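Notes for the one structure printed next.
Each chain gets a letter, A, B and so on, in the order its sequence line appears, and its residues count up from 1. Side chains are part of it too, since the values below use all heavy atoms of this structure and drop only hydrogens, waters and symmetry mates.
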Amino acid sequence: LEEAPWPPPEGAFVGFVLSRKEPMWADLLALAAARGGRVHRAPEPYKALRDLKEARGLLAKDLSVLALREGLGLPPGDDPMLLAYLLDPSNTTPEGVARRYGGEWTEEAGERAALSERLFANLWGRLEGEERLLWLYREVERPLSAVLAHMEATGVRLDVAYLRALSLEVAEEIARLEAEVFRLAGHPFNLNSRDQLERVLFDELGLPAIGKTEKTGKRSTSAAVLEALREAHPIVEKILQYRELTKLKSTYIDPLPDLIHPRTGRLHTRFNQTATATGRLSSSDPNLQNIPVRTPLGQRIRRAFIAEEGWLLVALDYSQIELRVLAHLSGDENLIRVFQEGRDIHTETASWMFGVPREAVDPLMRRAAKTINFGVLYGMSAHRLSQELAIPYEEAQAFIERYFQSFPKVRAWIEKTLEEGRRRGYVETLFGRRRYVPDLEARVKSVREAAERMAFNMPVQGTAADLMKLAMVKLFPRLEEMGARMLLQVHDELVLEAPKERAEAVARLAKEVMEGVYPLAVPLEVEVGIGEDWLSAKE
DNA sequence: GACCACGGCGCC
DNA sequence: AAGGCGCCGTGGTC
Ligand SMILES: CC1(C)C=C(C#Cc2cn([C@H]3C[C@H](O)[C@@H](COP(=O)(O)OP(=O)(O)OP(=O)(O)O)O3)c(=O)[nH]c2=O)C(C)(C)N1O
Ligand SMILES: [Mg+2]
Ligand SMILES: [Mg+2]
């Protein structure tokens, strides 16, 4: 409350105002610090950064990232957002956390510093009692924020000249597709407008509508509808292709080259640390956790992500991670037995599906099986199965049934997990990360059963996220020792960059750290690839 | 301009 | 009604 001259005493909390939300791109407008009942406003923010030992307060990682951009090794420390998010993962914004735990998120640095201190006191008290949440804070989230700050500030190289050239190629293909669509429709229209497309497909052409949209009840034109309609009229396939090319061009090919930072010549995402219900990170501005890889054009975009000249990318991927976690949480003996004997479930399902042997399973088979074991696992109705393979029932009941007959303890674990969630109001990961799911007790079946699929999924997806975050915290100092860089995390994958002659040693070490992160009832196995670009590194 | 809801869709 | 995200264009408001 009392104005004191900059600089603040050790241990102060910082408030700061940025000209924009992305710290790699922002001007530091103001900087203050609060300790006891004094607030210190720095006359020259940038200068003032130099006097700090660490960035401590709301959104600390943001300031640390900016400091790193200016060549200061200023790490983030305590952040009330991380405390709030461990207490309840619905705590995602400083606005929400302040309203809930005792202040108001304003636009003034001194008020943000004082808010940071107050909220930290109140949240610390709430979190002190909780051994496992405290453990997650001090051993996972708080150090992870320093790791993320360095990843953000470091960035990842992009082959711009390559993408500009790809843009023109795809633009000309898009022209061929839309002209062909307009010819079949008998007139031009805005093919990007799904309202205009709806009228053309179902009113002008005689195509049958298959589904309706959720909020406004229009006849849907989604890929799923179109796919069911593909053999009904030639325009449909053209539209599917048009949709793919314009999606990839508008979201990746065109924007990415314009996001290259002028000082680094790289792409700098944001790793949002308090943004998901399950404990996963999210990525934005740009999102680098959803770069294409599935289709041919998608792979071509993936190739644009490259190593520094003289370095290589190293991509590490936990194998069947959520199934391994499921084996451990449930203690199902058959499941555990599959991984203990180095077997592959996705492969075996692909086998089963395509009428093929284990030894023969195109990777496209596997990828198809992947979202089927996960789909089924997480409450996919026998119904929607029908429209993944073919004719039910008992072809779908007995598929979802054989699935659970194989691993009976899983059903038990699910019911057990739901029951505890109803009584306690929350579920939790292996490490005690929790998610409150109040709708487990809803008296409307569709709402309640949606709640249930969210609830029993969280311990599985959340444990895998705990495991990866813990692996990042352990791995990071080893990397800097070896002169390598951690660049990206994509949920259960890590992408590193290393000097060519160190690349294999780094891969090898990183793989071992990730597999031994926290021994379970089943081994964790990590596939690793090395390449000059992200695509070739994932093999 | 900036923002919104919606439908749609990229990845894990 | 598989789970978890963030981003895009359209159509419209302000
Ligand atoms: C876009 C792309 C390529 C990605 C897809 C997906 C997905 C999905 C991923 N996951 C969850 C569960 C997973 O454990 C964890 C990580 O998932 P992957 O690494 O892709 O699998 P996994 O590690 O099991 O096996 P590998 O041995 O790595 O192969 O995240 C899901 O719950 N649903 C999915 O559809 C599908 C198949 C839809 N795709 O076409
Ligand atoms: Mg994986
Ligand atoms: Mg993966």
Quiz item: So, are A:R324 and A:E525 salt-bridged, with charged N and O less than 4.0 Å apart?
Solution: yes

Quiz item: Between A:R243 and B:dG8, is there a side-chain N or O to OP1/OP2 distance below 4.0 Å?
Solution: no

Quiz item: Are the ring centres of A:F374 and A:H346 closer than 6.0 Å?
Solution: yes

Quiz item: Quick one: salt bridge (charged side-chain N to carboxylate O under 4.0 Å, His left out) partners of A:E107, sequence neighbours excluded?
Solution: A:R112

Practice problem: Classify the nucleic acid contact of A:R367 as base, sugar-phosphate or nothing, counting any heavy atom under 4.0 Å across all strands shown. | Solution: nothing

Exercise. Verify the contact: side-chain N or O of A:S381 to OP1 or OP2 of C:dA2, cut-off strictly under 4.0 Å; return yes or no.
Key: yes

Quiz prompt | Phosphate OP1/OP2 of B:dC11 contacted by A:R302 side-chain N/O (<4.0 Å) | solution = no

Quiz item: Any chance OH of A:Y518 has more than 12 other-residue heavy atoms, nucleotides or ligands included, within less than 6.0 Å?
Solution: no

Self-check item: Aromatic centroids of A:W25 and A:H268 separated by under 6.0 Å
Solution: no

Exercise. Classify the nucleic acid contact of A:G379 as base, sugar-phosphate or nothing, counting any heavy atom under 4.0 Å across all strands shown.
Key: sugar-phosphate

Quiz prompt | Sugar-phosphate only, base, or nothing, as touched by A:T246 at under 4.0 Å among non-hydrogen atoms | solution = nothing

Quiz item: A:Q461 has a side chain; which of B:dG7, C:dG3, C:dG6 sits nearest to it?
Solution: C:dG3

Quiz prompt | Any A:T221 side-chain nitrogen or oxygen under 4.0 Å from OP1 or OP2 of B:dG8 | solution = yes

Exercise. Could you check which of B:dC11, C:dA2, C:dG4 has an atom nearest any side-chain atom of A:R280?
Key: C:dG4

Self-check item: Cation-pi, A:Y378 ring and A:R453 (6.0 angstrom, 45 degrees)
Solution: no

Practice problem: Would you mind building the protein contact string for nucleotides 8-14 of chain C? One character per nucleotide, 5' to 3', B for base within reach (heavy atoms under 4.0 Å), S for sugar-phosphate only, - for untouched. | Solution: SSSS---

Exercise. Examine C:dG6: is either OP1 or OP2 under 4.0 Å from a nitrogen or oxygen in the side chain of A:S282? Give yes or no.
Key: yes

Quiz prompt | Closest nucleotide among C:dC7, C:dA2, B:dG8 to the A:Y378 side chain | solution = C:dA2

Ignoring hydrogens and angles, write down the donor-acceptor pairs under 3.5 Å from the side chains of residues 383-394 of chain A, residues two or more places apart or on other chains.
residue, atom, partner, partner atom, Å
A:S386, OG, A:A390, O, 3.3

Self-check item: Rounded distance (Å) that lies between atom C1' of B:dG10 and atom NZ of A:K249
Solution: 17 Å

Quiz item: Should A:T213 be listed as having a side-chain N or O under 4.0 Å from OP1 or OP2 of B:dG8?
Solution: no

Quiz item: A:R453 has an atom CZ; how far is it from atom P of C:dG4, in whole Å?
Solution: 9 Å

Quiz item: Is any side-chain N or O of A:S283 closer than 4.0 Å to OP1 or OP2 of C:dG6?
Solution: no

Practice problem: Answer with base, sugar-phosphate or nothing: what part of the nucleic acid does A:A465 contact at a heavy-atom distance below 4.0 Å? | Solution: nothing

